[PDB]
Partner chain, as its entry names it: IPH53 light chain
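A single chain, nothing else alongside it, follows as structure tokens in the form solved without the partner chain.
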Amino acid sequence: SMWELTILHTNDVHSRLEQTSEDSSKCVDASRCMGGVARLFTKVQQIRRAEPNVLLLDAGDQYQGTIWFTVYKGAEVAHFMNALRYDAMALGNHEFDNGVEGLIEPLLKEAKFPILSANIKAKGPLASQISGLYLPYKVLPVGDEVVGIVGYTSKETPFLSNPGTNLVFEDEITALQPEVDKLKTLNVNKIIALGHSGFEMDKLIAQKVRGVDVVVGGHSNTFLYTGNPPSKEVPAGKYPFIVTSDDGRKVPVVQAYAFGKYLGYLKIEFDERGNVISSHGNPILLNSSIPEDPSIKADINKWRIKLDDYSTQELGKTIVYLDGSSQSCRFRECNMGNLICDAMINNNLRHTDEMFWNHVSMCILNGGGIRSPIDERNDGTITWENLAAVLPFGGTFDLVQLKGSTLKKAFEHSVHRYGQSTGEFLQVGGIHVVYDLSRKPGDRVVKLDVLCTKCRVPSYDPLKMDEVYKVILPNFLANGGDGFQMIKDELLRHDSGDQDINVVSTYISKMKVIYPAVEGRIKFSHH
């Protein structure tokens, strides 16, 4: 016979428990808001009532994003994922942001669904302490059939989070294969690979892991769609994306963007042996047509009260849209990058006591460190809550002494694989850079002018490779993050500075009204 399975899936929700603006930022105009767990429940329940065979799965990065996680630390994730009745979750990189303890105690011990990762192996005293709290797979009953779900997590988690020294993140394909093999031997013939490594790993898993029928992914915030997409996000492929495997099968690969804006919806048709005959669907845009569930909403409002202490005090006003979108700040000059770098520079010049850094005028900032926009409509108020979503990583803005050559290398690294929405793209201050993307990686920086320090009047002069420059940047960059190894290995001095979010709030309070522009600090040429 035929056997139909509906996979409903979310990924990279990133602490967006409440409904959001179109662009993921705080909801202001309720009529045009989107996502949030209350709306998501309504739609999930609409599908479950109409189709007998449904799994609702999460591909990780529920942790970290808003003051929801700052205050509740994963308890909100356990609680509201339980209310939605998720069948399964793959662990993501952000599930390690409060260490292993911060994963165990709030989420793994409270979740009423299996949490999965087959490539994470525990070692030392931790092995027995966490044994079973997450599994390599789970076999779930769905009607009269069983469906195997096998988990995986990005092996870049040690560089993006705090998983500690007692977890080993194995290569995904190598770890998955014996588990999918195990399940086949246990006559589990339908197998879903659920995990958090990116669209490109997902296609490889689909290609290389024999026995996997569907791949449900995350980490790259990938939007896939078939036909005319319903919002501002531009499709990266069809939904589902069809990989032709190494063993002659057609493996559908799915993802559902980010921030709870869409519920993925894939209908698979299986044969009696568990081969995929076909599949179809699309992500469902969770727009204001779908009501928020009253019960979930009311429960969100109860949890909300403790968060309102982060939104009482207006820090200041923006009269412009502060564009902290992934699609701006990882691809080109973005005015939120500018605001942050100027804030960094401005705040550092107050510390007059420390005379070495008292004329620092140059700044660099990883695009991937800017995590949300802030909207200017409705008086463009800026609260702590709004800032916390732009800067959730609790970092510092540190001061480094760098060679011109080191800095030149950083600017090449910034665009070395340009076009894949990766976070190493640098927003700046006191620096005018020009990239020519038709040139080879490592040779795309064609102009690099920085504010002089030796001069009485600051002006943008060409960077010289044997000169030394003083620069304010996140400690993440200072310690070699986003693969900026040259910064870490080659810097001449590194000083701790102030906490990132205090720096920017301090700027906003001082300025009262802000209005950062896209000024031409980062340009692209063709010559």
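Positions refer to the first chain, counted from 1.
The same protein has a further form, the form solved in complex with the partner chain, not shown here; the description that follows concerns it.
The candidate stretches are 185 to 193, 281 to 289, 247 to 255, 223 to 231, and the one lying within 4.5 Å of the partner chain in the deposited complex by heavy atoms is 185 to 193. The partner chain is not shown here, but in the deposited complex it comes within 4.5 Å of a heavy atom of residue 135. Of the heavy atoms in residue 139, some are within 4.5 Å of the partner chain in the deposited complex.
Among residues of the shown chain, residue 146 is one whose heavy atoms approach the partner chain to within 4.5 Å in the deposited complex.
Residue contact with the partner chain in the deposited complex: residue 131 places a heavy atom within 4.5 Å of it.
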